[PDB]
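**Q** Dropping a structure here in C-alpha cells format, bear with me for questions.
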Amino acid sequence: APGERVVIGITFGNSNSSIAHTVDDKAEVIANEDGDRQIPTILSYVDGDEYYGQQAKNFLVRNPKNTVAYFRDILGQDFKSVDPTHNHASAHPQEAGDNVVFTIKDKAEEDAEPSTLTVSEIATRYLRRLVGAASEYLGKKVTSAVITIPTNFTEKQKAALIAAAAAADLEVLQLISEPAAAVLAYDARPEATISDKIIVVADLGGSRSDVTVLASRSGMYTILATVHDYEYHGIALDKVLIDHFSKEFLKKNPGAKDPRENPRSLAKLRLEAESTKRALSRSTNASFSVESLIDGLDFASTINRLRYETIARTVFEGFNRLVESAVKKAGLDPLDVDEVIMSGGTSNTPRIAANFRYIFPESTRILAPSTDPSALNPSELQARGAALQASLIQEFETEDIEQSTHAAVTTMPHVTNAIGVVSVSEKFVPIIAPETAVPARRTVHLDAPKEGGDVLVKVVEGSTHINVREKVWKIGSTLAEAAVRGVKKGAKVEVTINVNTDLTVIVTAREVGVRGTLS
Amino acid sequence: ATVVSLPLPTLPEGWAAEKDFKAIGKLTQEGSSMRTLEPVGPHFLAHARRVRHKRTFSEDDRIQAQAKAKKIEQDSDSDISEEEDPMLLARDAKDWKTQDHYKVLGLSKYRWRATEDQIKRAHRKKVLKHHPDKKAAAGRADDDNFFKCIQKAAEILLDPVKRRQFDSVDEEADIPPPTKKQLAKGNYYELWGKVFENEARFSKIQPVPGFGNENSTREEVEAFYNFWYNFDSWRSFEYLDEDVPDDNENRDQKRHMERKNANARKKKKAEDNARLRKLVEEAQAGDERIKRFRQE
Ligand SMILES: Nc1ncnc2c1ncn2[C@@H]1O[C@H](COP(=O)(O)OP(=O)(O)OP(=O)(O)O)[C@@H](O)[C@H]1O
Ligand SMILES: [Mg+2]
C-alpha cells in the first residue's frame, strides 16, 4: 500500500552492492549482519546453505562449483552479448534457449544432483537476501526500493531487473542513474547550495569505469556526455600487484612454481593484493603476506604507496585520456568545468584525485575524500542518493511515477547560445546561462555609470571562446535594447531575463522600471 | 539574484522608444536544442507536477519523435569489424612478438592511422566472439590460442609509447620507392608525391610540405627541399630488443645486455637516417623544376 510502503535505496554494481535509508531526511547507509556497508555482490553455497557478502567472498577456496560472482552484467543479456571474462573463475554460463544459466550445487544432500539456476534466479535470491538484511536492520519488513543503474542498461535489462525484484517480492518505484544519485547525495544535503555548475561524475569501480558530464542549472541537471570503459580498473590494479609480487616471490625462492598458473594460488593472491591495496589506500605503507603459497612455502614482504603508484602509473594516464576524451565528446574545455565528483571505491586513492587537481584548473572543485573536507564516501554516494529518492517518492502513486518518468515531462528545447548584456567601460556579461531548460528567469545586479543618469541595457546573445589558455565571451546577434532614466550615481540596476516555454523573452531593467517583450 | 561589480553602458544621446524598449532579435529553434532530462530530484518532481497539471496523461509516443530528433544513443556497428579470418591466421598459431598484430584485430584498412576508440571496440568484439569460456566449450580447445593472440595484441597496442614503438619498428605499411623503369611510366610528380606523405609521419612539425606538381612555385620547391633535408625523426627500434631469461638476476649481466641492445639501437637509427637521406637525394636528382627555374 502506498501509505504503508517501506522504501530503501539500493546500489547494485558488478563488484559490490549497498543499501541505504533516510533518517530525518538524511541518508544513512545500512550495515548488514557482517558489519559491511559495501557488501560484495557474490553468492556462495556450502552444504546446501546459502551464503552472501563477505562469507561468500571468502568461500571461493571452499567451493569451486558453488560460487557465483560478477553476474550483474549478464542480467537481461543474450548469450552472444554476455562476456564471461570476469566470470571465468565462476560457473560457466550454459546457453539454454536465450537465457544462459549457472550450474551449482545448492541442495543440502551430498549425493544430490546440482541445480541449474538461471541468472534471473540468482539476481532474485541476491536481492531477496539484501532486502532481508535491510528488514532485520530496520525491524520492519522492507517492501520497496529505488535501485541505481548505469545509463547503458537496455530496456531488456531493465525488464530483467524488475522481474528479479518482483520474484524477490520487491517493487521498484524507479531506476536512477548512479551519476544522478551521486549528485543528489550532495545537492540534497542541508548545507548544499544550488547553482549552475558543470559536474563530472567519475565512478571508478572494480570491473568498470564511468565518466559522465552534466550541466546543473537551477538545481536541475542535463546530461551532456557519458563514456564507459571496461579496460582500466581495480582488477587491473590488483593484477599489476599480483605480477609484481609473483616476480618477487619467484626470485626470492629459486625453483618455485609461478603461483599465477594455480587457481587457488591466484585467488589467494588477488584477495591479499586487494587487502594490501586498501591498506595502502588508507596508510602510506602496506604489508603483504600469504602463508603457504604452494608446497608449504610462506611469503612476506612490504610495499609503499609510492611504489604502488609507480608500478600503476600507466592506468593514471589511461584515466586522464578517458577524462579528456569525455570532455572532447561533450565539446567542452577543462576551463568550462566547475566540479568533478570522484566516486566509487577506487576513488579513495589520493593520487588519482591529485592527478585531476593537476589536470584541471584550481577554480574547479574536485569532490574527493582526499581533496575536500566536506566530501562524502564515494562508495556511499549512489546508495544514499537512491535512498533519498526513495524517501522523496515513497508516497506517490504508481501512476504518478509512471507519468512523471515519461518523455513528455523530461523533454524540452534547450536554448543553445547564452543570453547576456553588454558592459562597456571608458564585454559580455551572461545572465541566462547556456543550454537553458524549460522556462528560465535569471537576475543580475550591475553597477551604474560613473554619474549614472540615463543608462542603456543592451541584451545580446553570447558564445564561449577559448583564447591561448583563458576563456572569453564573444558577442553575437543583439536581442533587445532598453533604457533606465535617471539612475543614481553608484546605484545598482537589477536586470531580469525570462525565457518562457512559448519562446517569449521578457526583459526587465529596474534600478534599485522598464519592461519589454520579444515574441 | 547575482550581484556583479561591472558597469552598464551610458545611454546615447537622442535615443528613445515606446516604453524605453526596443526589440531587435528573437530566439530560434536553431538557437535552441532538445535534450531529455533524467527523472530524478525534488525540483524534477515539481516540474512533473506542473506537467501533469498542464497535460495530465503524457504523450510519450507523440514526443518520441521530438526526443529522437536531437539525442545520442550507443552506436553498435560491427559491420566493419566482421572483416574476414582466412585459414584462421595459421590455425590459431601462437608465437610471442613475431606475428601480425593488425589482422587479428581487423586493422589492415587503418593500420597506423587508427583511433583508440575503434581499437577498444574491436578488442571487445573479438573477445566476445573468441572468448575461451564463452565459445571454446564446444570442443574448441585451441580457441584459447587465438584468444591469446587477441590478448597479446591488446597489451602491445594498448599503451601509446609501446604501440608507437611497434609501429616505428615494423609497421609493414610502406610503399617501396618507384625506382623501377616499368614503374616510371606515369606522372613523375604524382609517383613521388605519395612516398613523402607516406613516410612524413615521423616529422616534428605536424604541417609538412608535400612536394607538388609541375606548376609548383619556386618558393614551395625551396621550402619542401629544405624541410626534408633537415628532418628530425622519432623512429625507434627498441621493440627488436633481445629478450632475457627470467632466471637471470645479476646486475652485471643485465647491464651488459642493456649496453649491447643500446648500441644495436643506435646502429639501426643511423642506418635509417642514411636511407632517408639517400631517398631525398634521388628525388632531387630526378626533379626538373630546378632546371626550369634556372631557365627563367
Ligand atoms: N575503502 C576503499 N579504499 C580503496 N579502494 C576501495 C575501497 N573500497 C573498495 N575499493 C575498491 O574500489 C572498487 C569499488 O568501486 P565501486 O564502489 O565503484 O564498485 P561497485 O559499486 O562495487 O561496482 P561497479 O563498478 O560495477 O559499479 C573495487 O576495485 C574495490 O576493490
Ligand atoms: Mg560503482
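Since every read-out is calculated from the coordinates, none of them should be taken as a lab result. As a convention, Cβ positions derive from the backbone with ideal geometry for all residues, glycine included, and neighbour counts pool all protein chains shown.
**Q** Just give me the residues in region B:216-237 being touching a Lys or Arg at 6+ places or on another chain (Cβ under 6 Å) and surrounded by fewer than 11 Cβ atoms within 10 Å (Cβ to Cβ), in sequence order. First the steps, then the outcome.
**A** Within region B:216-237, the subset touching a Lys or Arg at 6+ places or on another chain (Cβ under 6 Å) is B:221, B:232, B:237.
Residue satisfying the conditions is B:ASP232 alone.
**Q** Hey, among the residues in region A:335-353 that are of a type outside the set (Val, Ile, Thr) and assigned to a strand (DSSP E or B), which one's farthest from ligand 2 (Cβ to nearest atom)? Even if it seems obvious, please write down each step before you answer.
**A** So in region A:335-353, the residues of a type outside the set (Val, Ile, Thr) come out as A:335-336, A:338-339, A:342-345, A:347-348, A:350-351, A:353.
Right, trim to assigned to a strand (DSSP E or B) and you get A:339, A:342-343.
Details: A:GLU339: 19, A:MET342: 12, A:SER343: 7 Å.
The selected residue is A:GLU339.
**Q** Can you go through B:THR36, B:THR56 and tell me which one is within 14 Å of chain A (Cβ to nearest Cβ), under 34 Å from the mean Cα position of the chain (by Cα) and of a type in the set (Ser, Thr, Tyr)? Show your work before the answer.
**A** Values: B:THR56 fails: under 34 Å from the mean Cα position of the chain (by Cα).
That would be B:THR36, the only listed residue that is within 14 Å of chain A (Cβ to nearest Cβ), under 34 Å from the mean Cα position of the chain (by Cα) and of a type in the set (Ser, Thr, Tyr).
**Q** Restricting attention to region A:340-363, and to residues there that are away from ligand 1 (no atom under 16 Å from the Cβ) and surrounded by fewer than 20 Cβ atoms within 10 Å (Cβ to Cβ), which single residue is farthest from A:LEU237 (Cα to Cα)?
**A** Here the residue is A:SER363.
**Q** Only residues that are more than 16 Å from ligand 2 (Cβ to nearest atom) and surrounded by fewer than 21 Cβ atoms within 10 Å (Cβ to Cβ): list them for region A:1-29, please. Don't jump to the end; show me each part of the working.
**A** So in region A:1-29, the residues more than 16 Å from ligand 2 (Cβ to nearest atom) come out as A:1-8, A:21-28.
Hits for region A:1-29 are A:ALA1, A:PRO2, A:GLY3, A:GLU4, A:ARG5, A:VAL6, A:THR22, A:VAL23, A:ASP24, A:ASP25, A:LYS26, A:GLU28.
**Q** Could you please give the count of residues in region A:1-45 that are in contact with a helix residue (DSSP H, G or I) (Cβ under 8 Å, 6 or more places away or on another chain), more than 14 Å from ligand 1 (Cβ to nearest atom) and part of a loop (DSSP other than H, G, I, E, B)?
**A** Matching residues across region A:1-45 total 7.
**Q** Those residues that are within 15 Å of A:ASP210 (Cβ to Cβ) and buried (at least 20 other Cβ atoms within 10 Å of the Cβ), I need them from region A:323-339; list them, please. Quick ask: steps written out before the conclusion?
**A** Looking only at region A:323-339, we keep the residues that are within 15 Å of A:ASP210 (Cβ to Cβ), and these are A:323, A:325-327, A:329-330.
Selection gives A:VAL323, A:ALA326, A:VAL327, A:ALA330.
**Q** Please enumerate the residues belonging to region A:188-223 that are more than 16 Å from ligand 2 (Cβ to nearest atom) and surrounded by 23 or more Cβ atoms within 10 Å (Cβ to Cβ). Spell out the reasoning first.
**A** First, the residues of region A:188-223 that are more than 16 Å from ligand 2 (Cβ to nearest atom): A:188-199, A:213-223.
Listed by number, the residues that qualify are A:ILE199, A:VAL213, A:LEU214, A:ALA215, A:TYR221.
**Q** For region A:77-125, which residues satisfy the criterion of being within 19 Å of A:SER207 (Cα to Cα) and assigned to a helix (DSSP H, G or I)?
**A** Looking only at region A:77-125, we keep the residues that are within 19 Å of A:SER207 (Cα to Cα), and these are A:77, A:81-93, A:119, A:123.
Selection gives A:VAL119, A:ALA123.
**Q** Restricting to region B:13-32, and then to whatever is facing chain A (nearest Cβ under 7 Å), over 18 Å from A:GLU511 (Cβ atoms) and surrounded by fewer than 16 Cβ atoms within 10 Å (Cβ to Cβ), can you tell me which residue is farthest from the chain's Cα centre (by Cα)?
**A** B:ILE24
**Q** Among the residues of region B:61-90, write down those that are within 30 Å of B:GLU38 (Cβ to Cβ), within 24 Å of the chain's Cα centre (by Cα) and among the small types (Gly, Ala, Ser). Reasoning before the result, please.
**A** Initially, region B:61-90 is screened for residues within 30 Å of B:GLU38 (Cβ to Cβ), giving B:61-78.
Subset that is within 24 Å of the chain's Cα centre (by Cα): B:72-78.
Residues satisfying the conditions are B:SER76, B:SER78.
**Q** Would you tally the residues in region B:227-252 being away from every other protein chain (no Cβ under 14 Å), part of a loop (DSSP other than H, G, I, E, B) and within 30 Å of A:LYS252 (Cβ to Cβ)?
**A** So the answer is 3.
**Q** State yes or no: is A:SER275 of a type in the set (S, T, N, Q), within 16 Å of ligand 1 (Cβ to nearest atom), surrounded by fewer than 16 Cβ atoms within 10 Å (Cβ to Cβ) and away from every other protein chain (no Cβ under 14 Å)?
**A** Yes.
**Q** Report, by residue number, each residue of region B:113-123 that is away from chain A (no Cβ under 14 Å) and either surrounded by 15 or more Cβ atoms within 10 Å (Cβ to Cβ) or in contact with a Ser or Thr (Cβ under 9 Å, 6 or more places away or on another chain) (or both). Before you say what the answer is, go through the steps one by one.
**A** Narrowing region B:113-123 to residues away from chain A (no Cβ under 14 Å): B:113-114.
Result: B:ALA114, single match.
**Q** Answer yes or no: is there a residue in region A:460-476 that is facing chain B (nearest Cβ under 7 Å), in contact with a strand residue (DSSP E or B) (Cβ under 8 Å, 6 or more places away or on another chain) and farther than 15 Å from B:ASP20 by Cβ.
**A** Within region A:460-476, none of the residues are facing chain B (nearest Cβ under 7 Å), in contact with a strand residue (DSSP E or B) (Cβ under 8 Å, 6 or more places away or on another chain) and farther than 15 Å from B:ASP20 by Cβ.
**Q** Being in a loop (DSSP other than H, G, I, E, B), out of contact with any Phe, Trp or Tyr (no Cβ under 8 Å at 6 or more places or on another chain) and within 16 Å of ligand 1 (Cβ to nearest atom) is the filter here, so list the residues in region A:180-212 that pass it.
**A** To start, the set of residues in region A:180-212 that are in a loop (DSSP other than H, G, I, E, B) comprises A:188-196, A:205-208.
In the following step, the residues that additionally are out of contact with any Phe, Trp or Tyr (no Cβ under 8 Å at 6 or more places or on another chain) were identified as A:188-191, A:193-196, A:205-206.
Selection gives A:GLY205, A:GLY206.
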